[PDB]
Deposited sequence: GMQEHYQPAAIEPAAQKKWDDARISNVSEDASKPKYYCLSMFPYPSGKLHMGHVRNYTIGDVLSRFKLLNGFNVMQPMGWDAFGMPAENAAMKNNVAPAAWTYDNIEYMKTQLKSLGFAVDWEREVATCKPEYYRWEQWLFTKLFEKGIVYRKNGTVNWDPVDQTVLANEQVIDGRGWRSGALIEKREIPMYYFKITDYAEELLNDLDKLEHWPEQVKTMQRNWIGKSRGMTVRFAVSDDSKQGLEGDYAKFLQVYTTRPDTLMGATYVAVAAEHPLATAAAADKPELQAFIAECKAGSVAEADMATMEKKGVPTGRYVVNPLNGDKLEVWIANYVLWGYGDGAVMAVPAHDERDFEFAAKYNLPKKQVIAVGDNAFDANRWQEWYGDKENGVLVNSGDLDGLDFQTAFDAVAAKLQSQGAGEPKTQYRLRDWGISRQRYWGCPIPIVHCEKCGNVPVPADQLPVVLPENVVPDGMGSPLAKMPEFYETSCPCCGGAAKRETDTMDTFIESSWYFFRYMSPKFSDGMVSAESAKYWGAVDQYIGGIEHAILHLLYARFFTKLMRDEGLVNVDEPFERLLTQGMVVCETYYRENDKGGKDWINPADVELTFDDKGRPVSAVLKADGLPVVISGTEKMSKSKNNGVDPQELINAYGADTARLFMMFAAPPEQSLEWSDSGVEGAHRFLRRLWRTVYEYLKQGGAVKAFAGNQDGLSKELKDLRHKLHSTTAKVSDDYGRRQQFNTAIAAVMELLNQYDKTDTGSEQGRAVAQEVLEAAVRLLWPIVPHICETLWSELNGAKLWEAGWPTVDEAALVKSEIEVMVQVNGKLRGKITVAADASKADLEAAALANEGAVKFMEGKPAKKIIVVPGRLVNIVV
């Protein structure tokens, strides 16, 4: 054993020892209990970043621990390969997106392997391969024939200078983000998943996820957004029926979740597309301009509630069906056509948006809800205005005194008797649009024929292959410009026909890949039935919080789709879910001779102030934020590995913060992690150079010294602490601190005697197994110096409950014949014959 710790000498050999033993290459062996530990697979970006290393180290800690506990552990890895990154890299570099993607995959694979993740590489998938995406084309055709996937015209933001479609996230002040050109709203046919057919299942099944963070579940519930309310029809006043036709001339129908406040409605509001808006804007230009601004908006949903609410009176009136009050109709920008009836009622006394709106326009507020002897101020909003559970109705004639649920029913009966309304369940959830006007994505398996319509490609003709021999030029989606791809024959009638040129939303690949990993070379279906039966669901999923809504919902949806097709037998893909925090770092800048800032990379700055590393001109240290190319503050993990080895990188990431907390880059803390590894190395080297290995202490410990009993207490306390930090808390930094404390006590204990060595052997053999999930290379190497058994069949350390009982302090006591450290406990009820009796001289 070399005296100095040299990670490049040891990490390659340890990796070849794990690979030679095929310990991460698992099969469906019904003899070992399974465990499926999954980290969210990466985009083949080019190179790993520190978020990648944080995530896959967390995955590896948990997989290695469960493996050491005897589980058949599958930890798979692959590549979320489609999407815009490669398309833009292709445009800028004059290279095919596929060629760029496959080179990135090859490089990033090398990096992952060198970090020593215990990954089953025989299960690798790449989603841009036809061996992969044919199976989502297959599922699509099945759901298309069932109406679960359907085609319908929708509205997109068209950028006419860049000749491509943009999401609302890419529209700033009505303009394209790169081009700066005004976007055009266009109606085009697109494809949708009927996810709203499964809304109630997706909402309720969340309740089975006892090992999910409540915040993720609550975020899903808000997105689905179920409400039970009331449809209410307000009759249109005779004076307001001009330009209306059909049911819109007779009534304005609305949806509300608060029918118990219908006596408090002081006005109604309609979307800009609503026929009432159209009819009243006919002669009023300010209304026309307000309607146009609403249509031109591109407010992303994450920003919807933040937009400033605005409205315009129409001069048309409807009649409240419970009290006959005539309310003015307003066009408002927060009422969205396609949600419900595109019209709402407004109660400023008990809904805060209605309060702020009515306060803006001086619209009236009528209190109808009381909560205790609380005063009602019509000019200031108090939180109890919105209380549903503890309110009672006031100012509502027949309904005064009722609580929420009784009044809801009373209103329902009143409205139904009248023909004016009925209970109604609604969901904020929209159907899922999967059409993308992009080249680098999975082709949609549809052929368009003027005789037969939109026809699915039959199963025998899948995949529809995306041609890899393409270089996007910017001027529009390539597939629409390639007759060699879209010109075909109709599979139903044989006649002239055209393939669909839109590709799929890339969320589709990531909605089922965890099942594909179960049988990644299966060519007769999405996932083999035998391997789905064995692996079941993912036991532990690890990933970033930005995927808590869309990706998770989509995966849960696809799992229930696949379940209903007969392919899988679970309701939920993910049992345990762990959300890792961001990785952030200091920023540095010089100022520009244009009044701006040039963001410098940390690698080219030295500290003391701070300046360049090759130069000496100072920089300006500024704030800490998530690593990103925007402020040039990303720290390249390959240079951290080059400088210190993989074990140091993995230890720093786990020690620096709990996985949920944001991790702050620290040169100082990276050096602390390395020196701790050096210390682990030296501790074992020094122990072995003073006598060589011995049989680890085991068994009855009566007759060990006090000092060595104490070390065994700390030893077995550490084992239970660590096990509970890996298994229960998932708090890997406290488990490292625990092992450091154990080595501190060992450093202060004399282990020179014969029984001393046996306890030191025990301590050290436990320490390196306890830390093997975090830094497996050095622990594998040191374990081989201490003990000749395979580390992984030695298995996780066991707690010795005997070493936790602390030995008895037993004696009797007597005041006047009749029944410092003992005289202090025995006065808590003065001779003291050593050990047996305490006599208290009365």
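Open item on the list: Tell me which segments of the deposited chain sequence are not represented by C-alpha atoms in this structure.
Closed with: The deposited sequence has unmodelled segments at 1, 610-617, 829-840, 851-864.
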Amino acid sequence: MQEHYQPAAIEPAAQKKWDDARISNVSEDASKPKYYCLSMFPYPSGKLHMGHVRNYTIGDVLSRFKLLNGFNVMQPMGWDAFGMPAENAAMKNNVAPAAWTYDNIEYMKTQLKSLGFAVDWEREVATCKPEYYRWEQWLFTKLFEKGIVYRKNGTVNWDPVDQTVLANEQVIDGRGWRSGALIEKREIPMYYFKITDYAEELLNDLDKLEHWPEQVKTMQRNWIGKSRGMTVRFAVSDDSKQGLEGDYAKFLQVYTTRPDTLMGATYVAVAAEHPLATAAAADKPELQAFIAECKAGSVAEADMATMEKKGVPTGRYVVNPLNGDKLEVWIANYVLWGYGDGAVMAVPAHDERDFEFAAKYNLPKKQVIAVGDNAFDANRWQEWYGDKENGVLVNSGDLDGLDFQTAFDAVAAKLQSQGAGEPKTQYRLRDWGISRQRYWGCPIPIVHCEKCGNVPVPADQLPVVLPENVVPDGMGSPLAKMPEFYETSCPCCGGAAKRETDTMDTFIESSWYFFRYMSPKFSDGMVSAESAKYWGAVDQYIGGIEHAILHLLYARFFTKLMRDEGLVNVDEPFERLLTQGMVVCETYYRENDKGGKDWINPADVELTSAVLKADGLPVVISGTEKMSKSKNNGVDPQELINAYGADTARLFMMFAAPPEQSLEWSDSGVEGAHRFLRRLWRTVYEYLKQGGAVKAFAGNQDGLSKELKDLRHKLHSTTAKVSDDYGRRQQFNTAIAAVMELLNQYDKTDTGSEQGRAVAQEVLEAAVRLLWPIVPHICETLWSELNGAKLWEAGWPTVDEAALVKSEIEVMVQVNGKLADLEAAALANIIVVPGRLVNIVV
From here on, numbers count along this sequence of modelled residues.
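Basically, rigid core = biggest C-alpha set you can superpose within 1.5 Å across the two forms.
Open item on the list: After superposing on the rigid core, which of 98-106 and 170-178 has its C-alpha atoms sitting farther from this form in 8 other deposited structures of this protein?
Closed with: Looking at 98-106 versus 170-178 in 8 other deposited structures of this protein, the farther one turns out to be 170-178.
Open item on the list: Between 381-389 and 302-310, which one shows the bigger average Cα displacement from this form in 8 other deposited structures of this protein once the rigid core is aligned?
Closed with: With the rigid core fitted, 302-310 is the stretch that strays more in 8 other deposited structures of this protein.
Open item on the list: Quick check on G595: across the other compared entries (only those modelling residues on both sides), is it unmodelled in a third or more?
Closed with: In at least a third of the comparable entries (those modelling both sides of it), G595 has no coordinates.
TODO: Quick one: say whether 484-492 or 619-627 has the higher mean Cα B-factor in the deposited entry.
DONE: So the stretch with the higher mean C-alpha B-factor is 619-627.
Open item on the list: Quick check on the record: does 345-353 or 299-307 carry the larger mean Cα temperature factor?
Closed with: Averaging CA B-factors over each stretch, the winner is 299-307.
TODO: Specify which of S511, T218, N323, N204 carries the largest Cα B factor in the deposited PDB entry.
DONE: The record points to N323.
- [ ] Can you pull the Cα B-factors for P213, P130, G225, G243 from the entry and say which is highest?
- [x] In the PDB entry, the greatest C-alpha B-factor among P213, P130, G225, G243 is found at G243.
Open item on the list: Which third, lowest, middle or highest, does the C-alpha temperature factor of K388 belong to within its own chain?
Closed with: CA B-factor rank for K388: highest third.
- [ ] Rank-wise, by C-alpha B-factor, drop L48 into the lowest, middle or highest third of its chain.
- [x] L48: CA B-factor falls in the lowest third of its chain.
TODO: Sorting the chain's modelled residues by C-alpha B-factor, tell me whether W792 ends up in the lowest, middle or highest third.
DONE: Its C-alpha B-factor belongs to the highest third of this chain's values.
Open item on the list: Please place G78 in the lowest, middle or highest third of its chain according to the CA B-factor in the PDB entry.
Closed with: As the PDB entry reports it, the C-alpha B-factor of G78 lands in the lowest third of its chain.
- [ ] Looking at the entry's B-factor column for C-alpha atoms only, identify whether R556 ranks in the lowest, middle or highest third of its chain.
- [x] Lowest third, going by the recorded CA B-factors of the chain.
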